[PDB]
$ cat work-v9.cif   # mmCIF, C-alpha atoms
data_protein
#
loop_
_atom_site.group_PDB
_atom_site.id
_atom_site.type_symbol
_atom_site.label_atom_id
_atom_site.label_comp_id
_atom_site.auth_asym_id
_atom_site.auth_seq_id
_atom_site.Cartn_x
_atom_site.Cartn_y
_atom_site.Cartn_z
ATOM 1 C CA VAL A 1 -0.137 7.329 22.800
ATOM 2 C CA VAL A 2 0.590 3.584 22.311
ATOM 3 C CA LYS A 3 0.264 1.320 19.242
ATOM 4 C CA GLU A 4 -2.796 -0.888 18.856
ATOM 5 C CA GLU A 5 -2.737 -4.582 18.209
ATOM 6 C CA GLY A 6 -5.291 -6.494 16.080
ATOM 7 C CA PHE A 7 -7.044 -5.270 12.927
ATOM 8 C CA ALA A 8 -5.062 -2.625 10.968
ATOM 9 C CA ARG A 9 -7.154 0.404 10.103
ATOM 10 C CA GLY A 10 -4.710 2.086 7.785
ATOM 11 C CA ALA A 11 -3.942 5.047 5.618
ATOM 12 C CA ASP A 12 -1.247 5.440 2.989
ATOM 13 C CA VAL A 13 -0.167 9.074 3.324
ATOM 14 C CA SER A 14 3.035 9.002 1.262
ATOM 15 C CA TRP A 15 2.083 12.288 -0.532
ATOM 16 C CA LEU A 16 1.692 14.087 2.837
ATOM 17 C CA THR A 17 5.164 15.721 2.928
ATOM 18 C CA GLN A 18 4.804 17.007 -0.643
ATOM 19 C CA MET A 19 1.303 18.299 0.159
ATOM 20 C CA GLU A 20 2.580 20.138 3.279
ATOM 21 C CA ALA A 21 5.401 21.807 1.201
ATOM 22 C CA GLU A 22 2.730 22.808 -1.327
ATOM 23 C CA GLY A 23 0.809 24.439 1.596
ATOM 24 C CA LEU A 24 -2.225 22.105 1.766
ATOM 25 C CA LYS A 25 -4.121 22.227 5.083
ATOM 26 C CA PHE A 26 -6.483 19.672 6.539
ATOM 27 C CA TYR A 27 -9.402 20.172 8.980
ATOM 28 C CA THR A 28 -11.512 18.253 11.527
ATOM 29 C CA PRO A 29 -14.824 17.018 9.988
ATOM 30 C CA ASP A 30 -16.897 18.363 12.901
ATOM 31 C CA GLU A 31 -18.729 21.621 13.776
ATOM 32 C CA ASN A 32 -15.353 23.356 14.475
ATOM 33 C CA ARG A 33 -13.525 22.583 11.133
ATOM 34 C CA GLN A 34 -10.155 23.121 12.950
ATOM 35 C CA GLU A 35 -6.849 23.049 11.049
ATOM 36 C CA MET A 36 -4.856 19.940 12.033
ATOM 37 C CA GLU A 37 -1.777 17.906 11.059
ATOM 38 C CA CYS A 38 -3.022 15.114 8.782
ATOM 39 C CA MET A 39 -1.777 11.968 10.623
ATOM 40 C CA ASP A 40 -3.076 13.291 13.962
ATOM 41 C CA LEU A 41 -6.387 14.112 12.219
ATOM 42 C CA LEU A 42 -6.662 10.559 10.744
ATOM 43 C CA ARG A 43 -5.798 8.998 14.140
ATOM 44 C CA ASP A 44 -8.151 11.133 16.277
ATOM 45 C CA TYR A 45 -11.067 11.682 13.830
ATOM 46 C CA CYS A 46 -10.977 8.659 11.443
ATOM 47 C CA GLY A 47 -9.913 5.828 13.780
ATOM 48 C CA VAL A 48 -6.656 5.196 11.827
ATOM 49 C CA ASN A 49 -4.081 3.105 13.714
ATOM 50 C CA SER A 50 -1.609 2.350 10.855
ATOM 51 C CA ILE A 51 0.357 4.280 8.159
ATOM 52 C CA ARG A 52 1.693 2.937 4.801
ATOM 53 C CA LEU A 53 4.543 4.631 2.943
ATOM 54 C CA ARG A 54 5.886 3.934 -0.544
ATOM 55 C CA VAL A 55 9.663 3.877 -1.183
ATOM 56 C CA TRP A 56 11.309 4.925 -4.457
ATOM 57 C CA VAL A 57 15.057 4.348 -4.918
ATOM 58 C CA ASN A 58 16.444 7.443 -6.795
ATOM 59 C CA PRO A 59 13.346 9.686 -7.274
ATOM 60 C CA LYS A 60 13.664 12.918 -9.317
ATOM 61 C CA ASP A 61 12.137 15.181 -6.688
ATOM 62 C CA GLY A 62 13.364 13.300 -3.633
ATOM 63 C CA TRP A 63 9.783 12.441 -2.598
ATOM 64 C CA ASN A 64 9.353 8.817 -1.337
ATOM 65 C CA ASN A 65 13.185 8.446 -1.057
ATOM 66 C CA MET A 66 14.608 6.850 2.108
ATOM 67 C CA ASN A 67 15.093 10.284 3.746
ATOM 68 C CA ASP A 68 11.396 11.269 3.125
ATOM 69 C CA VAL A 69 10.116 7.899 4.329
ATOM 70 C CA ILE A 70 12.107 8.244 7.553
ATOM 71 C CA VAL A 71 10.478 11.646 8.334
ATOM 72 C CA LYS A 72 6.941 10.272 7.799
ATOM 73 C CA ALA A 73 7.683 6.946 9.571
ATOM 74 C CA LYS A 74 9.081 8.770 12.635
ATOM 75 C CA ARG A 75 5.935 10.946 12.642
ATOM 76 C CA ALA A 76 3.706 7.877 12.527
ATOM 77 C CA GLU A 77 5.757 6.221 15.284
ATOM 78 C CA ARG A 78 5.531 9.368 17.464
ATOM 79 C CA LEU A 79 1.722 9.233 17.113
ATOM 80 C CA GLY A 80 1.609 5.547 18.138
ATOM 81 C CA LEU A 81 0.741 4.369 14.609
ATOM 82 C CA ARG A 82 2.043 1.052 13.207
ATOM 83 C CA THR A 83 3.935 1.271 9.914
ATOM 84 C CA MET A 84 3.993 -0.540 6.594
ATOM 85 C CA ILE A 85 6.907 0.169 4.273
ATOM 86 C CA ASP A 86 6.126 -0.502 0.564
ATOM 87 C CA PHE A 87 9.191 -0.972 -1.665
ATOM 88 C CA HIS A 88 8.289 -0.208 -5.331
ATOM 89 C CA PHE A 89 11.801 -1.161 -6.559
ATOM 90 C CA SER A 90 11.558 1.802 -8.941
ATOM 91 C CA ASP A 91 12.466 5.497 -9.170
ATOM 92 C CA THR A 92 8.718 6.252 -9.830
ATOM 93 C CA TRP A 93 5.203 4.677 -9.598
ATOM 94 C CA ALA A 94 5.181 0.888 -9.717
ATOM 95 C CA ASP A 95 1.857 -0.498 -10.932
ATOM 96 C CA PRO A 96 0.742 -3.409 -13.207
ATOM 97 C CA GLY A 97 1.446 -1.266 -16.365
ATOM 98 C CA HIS A 98 4.903 0.068 -15.192
ATOM 99 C CA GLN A 99 7.406 -2.007 -13.175
ATOM 100 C CA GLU A 100 10.560 -0.158 -14.225
ATOM 101 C CA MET A 101 13.727 -0.844 -12.119
ATOM 102 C CA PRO A 102 15.770 2.163 -10.912
ATOM 103 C CA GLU A 103 17.775 3.818 -13.718
ATOM 104 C CA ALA A 104 20.981 3.230 -11.687
ATOM 105 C CA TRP A 105 20.344 -0.596 -11.624
ATOM 106 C CA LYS A 106 19.848 -1.218 -15.368
ATOM 107 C CA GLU A 107 23.460 -2.150 -16.246
ATOM 108 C CA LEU A 108 23.823 -4.660 -13.310
ATOM 109 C CA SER A 109 24.321 -8.393 -13.753
ATOM 110 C CA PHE A 110 21.442 -10.445 -12.292
ATOM 111 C CA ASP A 111 23.634 -11.259 -9.235
ATOM 112 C CA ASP A 112 24.458 -7.532 -8.761
ATOM 113 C CA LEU A 113 20.734 -6.549 -9.215
ATOM 114 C CA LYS A 114 19.773 -8.926 -6.400
ATOM 115 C CA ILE A 115 22.517 -7.331 -4.274
ATOM 116 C CA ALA A 116 21.396 -3.783 -5.164
ATOM 117 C CA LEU A 117 17.748 -4.638 -4.290
ATOM 118 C CA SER A 118 18.872 -6.316 -0.999
ATOM 119 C CA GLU A 119 21.129 -3.383 -0.035
ATOM 120 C CA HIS A 120 18.372 -0.765 -0.714
ATOM 121 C CA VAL A 121 15.839 -2.661 1.511
ATOM 122 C CA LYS A 122 18.507 -3.062 4.275
ATOM 123 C CA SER A 123 19.537 0.612 3.963
ATOM 124 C CA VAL A 124 15.987 1.853 4.448
ATOM 125 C CA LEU A 125 15.051 -0.563 7.301
ATOM 126 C CA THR A 126 18.376 -0.014 9.109
ATOM 127 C CA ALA A 127 17.820 3.816 9.076
ATOM 128 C CA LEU A 128 14.303 3.291 10.392
ATOM 129 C CA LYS A 129 15.681 1.043 13.163
ATOM 130 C CA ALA A 130 18.275 3.698 13.994
ATOM 131 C CA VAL A 131 15.553 6.354 14.515
ATOM 132 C CA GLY A 132 13.352 4.070 16.608
ATOM 133 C CA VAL A 133 10.876 2.728 14.018
ATOM 134 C CA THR A 134 10.259 -1.018 13.522
ATOM 135 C CA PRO A 135 7.629 -1.525 10.753
ATOM 136 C CA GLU A 136 5.110 -4.228 11.288
ATOM 137 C CA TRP A 137 4.752 -5.083 7.556
ATOM 138 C CA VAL A 138 6.940 -4.562 4.512
ATOM 139 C CA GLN A 139 5.933 -4.953 0.860
ATOM 140 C CA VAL A 140 8.440 -6.520 -1.507
ATOM 141 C CA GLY A 141 7.075 -4.782 -4.554
ATOM 142 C CA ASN A 142 3.917 -2.836 -5.286
ATOM 143 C CA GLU A 143 1.017 -4.228 -7.383
ATOM 144 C CA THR A 144 3.500 -6.727 -8.976
ATOM 145 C CA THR A 145 0.725 -8.446 -10.896
ATOM 146 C CA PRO A 146 3.019 -9.030 -13.949
ATOM 147 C CA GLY A 147 6.107 -9.356 -11.730
ATOM 148 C CA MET A 148 8.613 -6.587 -10.959
ATOM 149 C CA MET A 149 11.534 -4.809 -12.635
ATOM 150 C CA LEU A 150 10.323 -5.931 -16.029
ATOM 151 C CA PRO A 151 11.394 -7.769 -17.937
ATOM 152 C CA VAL A 152 14.027 -9.204 -15.574
ATOM 153 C CA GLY A 153 11.426 -10.029 -12.867
ATOM 154 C CA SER A 154 8.552 -10.847 -15.250
ATOM 155 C CA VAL A 155 6.252 -13.756 -14.283
ATOM 156 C CA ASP A 156 7.523 -15.193 -17.661
ATOM 157 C CA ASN A 157 10.947 -15.438 -15.895
ATOM 158 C CA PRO A 158 9.595 -17.211 -12.790
ATOM 159 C CA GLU A 159 13.001 -18.245 -11.355
ATOM 160 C CA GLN A 160 14.344 -14.668 -11.667
ATOM 161 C CA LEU A 161 11.154 -13.146 -10.186
ATOM 162 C CA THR A 162 11.304 -15.607 -7.295
ATOM 163 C CA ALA A 163 15.019 -14.910 -6.652
ATOM 164 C CA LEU A 164 14.455 -11.102 -6.670
ATOM 165 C CA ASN A 165 11.421 -11.610 -4.356
ATOM 166 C CA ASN A 166 13.495 -13.759 -1.997
ATOM 167 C CA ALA A 167 16.332 -11.190 -1.995
ATOM 168 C CA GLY A 168 13.632 -8.757 -0.759
ATOM 169 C CA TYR A 169 12.228 -11.150 1.853
ATOM 170 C CA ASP A 170 15.697 -11.979 3.237
ATOM 171 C CA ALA A 171 16.664 -8.312 3.399
ATOM 172 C CA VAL A 172 13.531 -7.443 5.445
ATOM 173 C CA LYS A 173 14.123 -10.407 7.762
ATOM 174 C CA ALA A 174 17.801 -9.367 8.168
ATOM 175 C CA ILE A 175 16.927 -6.065 9.855
ATOM 176 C CA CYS A 176 13.331 -6.623 11.004
ATOM 177 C CA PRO A 177 12.975 -10.338 11.888
ATOM 178 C CA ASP A 178 9.348 -9.914 12.968
ATOM 179 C CA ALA A 179 8.162 -7.768 10.034
ATOM 180 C CA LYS A 180 5.538 -9.533 7.914
ATOM 181 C CA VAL A 181 6.622 -9.565 4.276
ATOM 182 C CA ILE A 182 3.845 -8.876 1.801
ATOM 183 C CA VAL A 183 3.569 -9.738 -1.915
ATOM 184 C CA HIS A 184 0.967 -7.254 -3.122
ATOM 185 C CA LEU A 185 -1.052 -7.545 -6.379
ATOM 186 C CA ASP A 186 -3.848 -5.372 -7.871
ATOM 187 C CA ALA A 187 -7.353 -6.586 -8.737
ATOM 188 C CA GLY A 188 -8.223 -8.315 -5.479
ATOM 189 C CA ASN A 189 -11.443 -9.485 -7.282
ATOM 190 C CA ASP A 190 -9.391 -11.648 -9.727
ATOM 191 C CA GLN A 191 -8.438 -15.132 -8.460
ATOM 192 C CA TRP A 192 -6.493 -15.919 -11.632
ATOM 193 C CA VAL A 193 -3.997 -13.041 -10.963
ATOM 194 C CA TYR A 194 -3.309 -14.466 -7.523
ATOM 195 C CA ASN A 195 -3.154 -18.093 -8.680
ATOM 196 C CA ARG A 196 -0.615 -17.215 -11.323
ATOM 197 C CA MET A 197 1.758 -15.329 -8.991
ATOM 198 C CA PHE A 198 1.490 -17.523 -5.914
ATOM 199 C CA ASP A 199 1.762 -20.819 -7.873
ATOM 200 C CA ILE A 200 4.957 -19.375 -9.375
ATOM 201 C CA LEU A 201 6.365 -18.580 -5.960
ATOM 202 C CA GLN A 202 5.278 -21.996 -4.623
ATOM 203 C CA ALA A 203 6.984 -23.758 -7.577
ATOM 204 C CA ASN A 204 10.242 -21.883 -7.023
ATOM 205 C CA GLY A 205 10.588 -21.643 -3.194
ATOM 206 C CA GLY A 206 9.334 -18.064 -3.127
ATOM 207 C CA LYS A 207 9.213 -16.619 0.408
ATOM 208 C CA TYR A 208 6.423 -14.458 1.764
ATOM 209 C CA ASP A 209 4.372 -14.068 4.925
ATOM 210 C CA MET A 210 1.280 -12.289 3.693
ATOM 211 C CA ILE A 211 -0.837 -11.758 0.563
ATOM 212 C CA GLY A 212 -1.575 -8.090 -0.195
ATOM 213 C CA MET A 213 -4.485 -6.832 -2.389
ATOM 214 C CA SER A 214 -5.672 -3.609 -3.999
ATOM 215 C CA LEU A 215 -9.460 -3.084 -4.128
ATOM 216 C CA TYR A 216 -10.704 -0.204 -6.216
ATOM 217 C CA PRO A 217 -14.135 -1.429 -7.408
ATOM 218 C CA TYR A 218 -15.911 1.719 -8.601
ATOM 219 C CA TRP A 219 -14.899 1.251 -12.266
ATOM 220 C CA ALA A 220 -17.539 -1.555 -12.351
ATOM 221 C CA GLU A 221 -20.327 0.958 -11.539
ATOM 222 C CA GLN A 222 -18.995 3.612 -14.004
ATOM 223 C CA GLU A 223 -18.674 1.037 -16.830
ATOM 224 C CA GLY A 224 -22.056 -0.501 -16.201
ATOM 225 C CA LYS A 225 -20.653 -3.972 -15.353
ATOM 226 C CA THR A 226 -23.414 -6.279 -14.175
ATOM 227 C CA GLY A 227 -23.410 -6.447 -10.344
ATOM 228 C CA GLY A 228 -21.633 -3.157 -9.983
ATOM 229 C CA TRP A 229 -18.959 -2.412 -7.479
ATOM 230 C CA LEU A 230 -20.620 -4.686 -5.000
ATOM 231 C CA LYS A 231 -19.958 -7.819 -7.178
ATOM 232 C CA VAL A 232 -16.280 -6.710 -7.440
ATOM 233 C CA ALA A 233 -16.137 -6.552 -3.610
ATOM 234 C CA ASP A 234 -17.883 -9.949 -3.222
ATOM 235 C CA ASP A 235 -15.466 -11.406 -5.823
ATOM 236 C CA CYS A 236 -12.630 -10.007 -3.670
ATOM 237 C CA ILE A 237 -14.144 -11.578 -0.515
ATOM 238 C CA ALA A 238 -14.255 -14.950 -2.384
ATOM 239 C CA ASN A 239 -10.625 -14.445 -3.511
ATOM 240 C CA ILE A 240 -9.586 -13.777 0.078
ATOM 241 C CA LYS A 241 -11.200 -17.066 1.182
ATOM 242 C CA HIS A 242 -9.654 -18.772 -1.877
ATOM 243 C CA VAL A 243 -6.028 -17.655 -1.212
ATOM 244 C CA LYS A 244 -6.236 -18.356 2.543
ATOM 245 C CA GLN A 245 -7.360 -21.946 1.811
ATOM 246 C CA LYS A 246 -4.962 -22.619 -1.103
ATOM 247 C CA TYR A 247 -1.842 -21.010 0.445
ATOM 248 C CA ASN A 248 -2.639 -20.803 4.195
ATOM 249 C CA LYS A 249 -1.294 -17.244 4.273
ATOM 250 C CA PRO A 250 -3.027 -14.232 5.859
ATOM 251 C CA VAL A 251 -4.286 -11.430 3.656
ATOM 252 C CA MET A 252 -3.978 -7.650 3.866
ATOM 253 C CA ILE A 253 -5.961 -5.142 1.831
ATOM 254 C CA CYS A 254 -2.977 -2.835 1.169
ATOM 255 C CA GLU A 255 -4.942 -0.299 -0.890
ATOM 256 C CA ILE A 256 -8.665 0.553 -0.960
ATOM 257 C CA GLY A 257 -10.336 3.453 -2.618
ATOM 258 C CA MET A 258 -13.498 4.937 -4.077
ATOM 259 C CA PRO A 259 -14.316 8.365 -5.629
ATOM 260 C CA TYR A 260 -14.114 11.130 -3.042
ATOM 261 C CA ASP A 261 -17.771 12.064 -3.753
ATOM 262 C CA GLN A 262 -18.997 8.461 -3.215
ATOM 263 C CA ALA A 263 -18.715 8.942 0.568
ATOM 264 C CA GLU A 264 -21.666 6.694 1.576
ATOM 265 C CA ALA A 265 -20.849 3.859 -0.861
ATOM 266 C CA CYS A 266 -17.209 4.021 0.220
ATOM 267 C CA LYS A 267 -18.296 3.804 3.866
ATOM 268 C CA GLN A 268 -20.355 0.677 3.046
ATOM 269 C CA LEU A 269 -17.463 -0.770 1.013
ATOM 270 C CA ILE A 270 -15.084 -0.491 3.986
ATOM 271 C CA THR A 271 -17.669 -1.713 6.521
ATOM 272 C CA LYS A 272 -18.395 -4.737 4.275
ATOM 273 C CA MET A 273 -14.677 -5.532 3.691
ATOM 274 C CA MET A 274 -13.813 -5.172 7.409
ATOM 275 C CA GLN A 275 -15.645 -8.530 8.082
ATOM 276 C CA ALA A 276 -13.650 -10.400 5.397
ATOM 277 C CA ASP A 277 -10.811 -12.696 6.495
ATOM 278 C CA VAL A 278 -8.160 -9.907 6.314
ATOM 279 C CA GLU A 279 -5.711 -8.504 8.886
ATOM 280 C CA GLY A 280 -6.406 -4.893 7.922
ATOM 281 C CA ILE A 281 -7.364 -2.343 5.290
ATOM 282 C CA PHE A 282 -5.350 0.682 4.129
ATOM 283 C CA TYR A 283 -7.131 3.612 2.451
ATOM 284 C CA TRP A 284 -4.813 4.943 -0.255
ATOM 285 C CA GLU A 285 -3.947 8.691 0.113
ATOM 286 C CA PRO A 286 -7.318 9.513 1.801
ATOM 287 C CA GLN A 287 -6.313 13.155 2.271
ATOM 288 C CA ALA A 288 -5.601 13.849 -1.424
ATOM 289 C CA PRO A 289 -7.946 16.609 -2.713
ATOM 290 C CA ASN A 290 -10.031 15.764 -5.773
ATOM 291 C CA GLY A 291 -7.851 16.588 -8.807
ATOM 292 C CA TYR A 292 -4.461 15.994 -7.061
ATOM 293 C CA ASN A 293 -1.406 15.283 -9.162
ATOM 294 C CA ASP A 294 -2.739 13.963 -12.474
ATOM 295 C CA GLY A 295 -6.477 14.477 -11.587
ATOM 296 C CA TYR A 296 -6.682 11.873 -8.759
ATOM 297 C CA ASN A 297 -10.253 11.526 -7.491
ATOM 298 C CA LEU A 298 -10.208 8.482 -5.111
ATOM 299 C CA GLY A 299 -9.373 10.348 -1.919
ATOM 300 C CA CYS A 300 -12.036 10.456 0.801
ATOM 301 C CA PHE A 301 -11.733 14.110 1.815
ATOM 302 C CA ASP A 302 -13.877 17.092 0.680
ATOM 303 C CA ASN A 303 -13.218 20.733 1.569
ATOM 304 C CA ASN A 304 -9.881 19.568 3.031
ATOM 305 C CA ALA A 305 -11.650 17.397 5.585
ATOM 306 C CA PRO A 306 -12.641 13.683 5.859
ATOM 307 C CA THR A 307 -16.018 12.657 4.323
ATOM 308 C CA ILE A 308 -18.078 9.931 6.121
ATOM 309 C CA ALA A 309 -16.105 7.250 4.238
ATOM 310 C CA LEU A 310 -13.750 6.483 7.111
ATOM 311 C CA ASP A 311 -16.615 6.480 9.635
ATOM 312 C CA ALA A 312 -16.270 2.731 8.974
ATOM 313 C CA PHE A 313 -12.975 2.956 11.001
ATOM 314 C CA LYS A 314 -14.312 4.926 14.064
#

$ encode --input "work-v9.cif" --output "structure tokens"
Amino acid sequence: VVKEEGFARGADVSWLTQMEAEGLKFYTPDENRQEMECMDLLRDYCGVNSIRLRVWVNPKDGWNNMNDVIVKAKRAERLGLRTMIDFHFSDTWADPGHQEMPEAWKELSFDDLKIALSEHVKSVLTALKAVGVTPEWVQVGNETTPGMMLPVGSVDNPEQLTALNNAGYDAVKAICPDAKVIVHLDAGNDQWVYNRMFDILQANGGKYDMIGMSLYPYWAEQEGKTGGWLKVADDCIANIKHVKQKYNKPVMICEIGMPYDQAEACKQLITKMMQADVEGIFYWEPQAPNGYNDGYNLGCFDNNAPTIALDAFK
């Protein structure tokens, strides 16, 4: 198998090694319902050509640490899948409500924090290089809508945020000169979010190659928002056009997701978004059973097998 070029039809499968340890099995979605390794299944049955993996610095249970990422990255590479590495710059989940720097970094001067962040990114990419994996894209942060490593990298501290960002960018470029560096926010439907962040970076010499978005639009149906999930998607399409024109940077949809039992709608969402001016789309943890971890329900598998959602990718 060889890696594809062009549009990235992606899956984030960071949980996969934990799931495997927990004894989860996955199956082909056809008349045979044959047990299969999950990445191979996504490649051969769901038209996936790309894998995204989150990185945590000093995680409690080891999962998403450098060592874990290497195992999953090597597996993707073996299967001829392109890789995105997503640095959270945290020991746990980094999202718009929680951008907590690693415990071990909290006593560091600002200059030493930048060095710690730089060294972590270089450590992880160097190891990858060593084992024959060159990622195509790297995120400096994950859904950093308010900034990162709050409050040090808050948008309210735009010089510090930009310097931490740039420490990330430079680190990626050091090891992987061709890797596209992504700044990734949530709420791809919200232009203001993007304007705030990217005007900040512009005003401060912030470096990045690509704008990343999350698109999880189902809340708009559930909450009875006029226009439903479809208006959220169209607002995201408009945002994509907006940020391309304003910043002249390409866009990736780094996370997409709908409820696992909204298989048809989710198929239409992906089909619709695949014509937008984006370089790819990554389904977030497609393989996660309904109820996983805290009650997570935005996978696109049922009975341990893909629904029709990723038929959009085939």

$ closest_residue --input "work-v9.cif" --among "A:97, A:224, A:135, A:47" --to "residue A:148" --atoms "all atoms listed in the file"
A:97

$ resolve_selection --input "work-v9.cif" --expression "the PyMOL selection byres ((chain A and resi 210) around 8)" --output "NGL selection string"
:A and (180-183 or 208-209 or 211-212 or 249-252)

$ write_last_selection --input "work-v9.cif" --atoms "C-alpha atoms" --output "compact mmCIF listing (two decimals), keeping the file's coordinate frame"
# COMPACT_ATOMS: atom_id res chain seq x y z
CA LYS A 180 5.54 -9.53 7.91
CA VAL A 181 6.62 -9.56 4.28
CA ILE A 182 3.84 -8.88 1.80
CA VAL A 183 3.57 -9.74 -1.92
CA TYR A 208 6.42 -14.46 1.76
CA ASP A 209 4.37 -14.07 4.92
CA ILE A 211 -0.84 -11.76 0.56
CA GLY A 212 -1.58 -8.09 -0.20
CA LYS A 249 -1.29 -17.24 4.27
CA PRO A 250 -3.03 -14.23 5.86
CA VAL A 251 -4.29 -11.43 3.66
CA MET A 252 -3.98 -7.65 3.87

$ residues_around --input "work-v9.cif" --residues "residue A:145" --least-positions-apart "3" --cutoff "7 Å" --atoms "all atoms listed in the file" --output "ChimeraX atom specification"
/A:96,185-186,193

$ closest_residue --input "work-v9.cif" --among "A:199, A:20, A:170, A:223" --to "residue A:122" --atoms "all atoms listed in the file"
A:170

$ residues_near_point --input "work-v9.cif" --point "(4.2, 2.8, -10.1)" --cutoff "12 Å" --atoms "only C-alpha atoms" --output "NGL selection string"
:A and (54-56 or 59 or 64 or 86-102 or 141-145 or 148-149 or 186)

$ write_last_selection --input "work-v9.cif" --atoms "C-alpha atoms" --output "compact mmCIF listing (two decimals), keeping the file's coordinate frame"
# COMPACT_ATOMS: atom_id res chain seq x y z
CA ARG A 54 5.89 3.93 -0.54
CA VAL A 55 9.66 3.88 -1.18
CA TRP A 56 11.31 4.92 -4.46
CA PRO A 59 13.35 9.69 -7.27
CA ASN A 64 9.35 8.82 -1.34
CA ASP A 86 6.13 -0.50 0.56
CA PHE A 87 9.19 -0.97 -1.66
CA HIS A 88 8.29 -0.21 -5.33
CA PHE A 89 11.80 -1.16 -6.56
CA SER A 90 11.56 1.80 -8.94
CA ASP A 91 12.47 5.50 -9.17
CA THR A 92 8.72 6.25 -9.83
CA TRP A 93 5.20 4.68 -9.60
CA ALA A 94 5.18 0.89 -9.72
CA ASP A 95 1.86 -0.50 -10.93
CA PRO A 96 0.74 -3.41 -13.21
CA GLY A 97 1.45 -1.27 -16.36
CA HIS A 98 4.90 0.07 -15.19
CA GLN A 99 7.41 -2.01 -13.18
CA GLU A 100 10.56 -0.16 -14.22
CA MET A 101 13.73 -0.84 -12.12
CA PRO A 102 15.77 2.16 -10.91
CA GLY A 141 7.08 -4.78 -4.55
CA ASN A 142 3.92 -2.84 -5.29
CA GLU A 143 1.02 -4.23 -7.38
CA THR A 144 3.50 -6.73 -8.98
CA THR A 145 0.72 -8.45 -10.90
CA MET A 148 8.61 -6.59 -10.96
CA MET A 149 11.53 -4.81 -12.64
CA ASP A 186 -3.85 -5.37 -7.87

$ residues_around --input "work-v9.cif" --residues "residue A:1" --least-positions-apart "5" --cutoff "10 Å" --atoms "only C-alpha atoms" --output "PyMOL selection string"
chain A and resi 77-81

$ resolve_selection --input "work-v9.cif" --expression "the PyMOL selection byres ((chain A and resi 8-18) around 7)" --output "list in words"
residues 6, 7, 19, 20, 21, 22, 48, 49, 50, 51, 52, 53, 54, 64, 279, 280, 281, 282, 283, 284, 285, 286 and 313 of chain A

$ resolve_selection --input "work-v9.cif" --expression "the PyMOL selection byres ((chain A and resi 115) around 12)" --output "PyMOL selection string"
chain A and resi 105+108-114+116-123+163-168+170-171

$ decode --input "work-v9.cif" --residues "stretch 102-112 of chain A" --atoms "N, CA, C and O atoms" --output "tab-separated table (two decimals), in the first residue's frame"
chain	number	residue	atom	x	y	z
A	102	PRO	N	0.90	21.29	31.00
A	102	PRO	CA	1.34	20.13	31.77
A	102	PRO	C	1.73	20.57	33.19
A	102	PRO	O	2.37	21.60	33.39
A	103	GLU	N	1.35	19.75	34.17
A	103	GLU	CA	1.69	19.96	35.57
A	103	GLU	C	3.18	20.31	35.70
A	103	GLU	O	3.55	21.28	36.34
A	104	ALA	N	4.04	19.52	35.06
A	104	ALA	CA	5.50	19.67	35.14
A	104	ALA	C	6.00	21.02	34.59
A	104	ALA	O	7.18	21.28	34.73
A	105	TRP	N	5.17	21.81	33.90
A	105	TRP	CA	5.63	23.05	33.23
A	105	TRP	C	5.25	24.31	34.04
A	105	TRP	O	5.67	25.40	33.69
A	106	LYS	N	4.48	24.15	35.11
A	106	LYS	CA	3.76	25.26	35.73
A	106	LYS	C	4.68	26.23	36.50
A	106	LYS	O	4.31	27.39	36.68
A	107	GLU	N	5.88	25.78	36.88
A	107	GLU	CA	6.80	26.59	37.66
A	107	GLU	C	7.81	27.29	36.74
A	107	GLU	O	8.59	28.07	37.25
A	108	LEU	N	7.75	27.06	35.41
A	108	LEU	CA	8.77	27.53	34.45
A	108	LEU	C	8.59	29.02	34.15
A	108	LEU	O	7.50	29.49	33.91
A	109	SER	N	9.70	29.75	34.09
A	109	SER	CA	9.70	31.08	33.49
A	109	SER	C	9.06	31.00	32.08
A	109	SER	O	9.01	29.92	31.49
A	110	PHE	N	8.62	32.14	31.54
A	110	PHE	CA	8.08	32.18	30.20
A	110	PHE	C	9.12	31.67	29.20
A	110	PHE	O	8.78	30.92	28.28
A	111	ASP	N	10.40	32.04	29.37
A	111	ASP	CA	11.44	31.60	28.41
A	111	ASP	C	11.63	30.08	28.48
A	111	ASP	O	11.78	29.42	27.45
A	112	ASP	N	11.53	29.51	29.69
A	112	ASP	CA	11.71	28.08	29.93
A	112	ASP	C	10.47	27.30	29.46
A	112	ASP	O	10.64	26.18	29.02
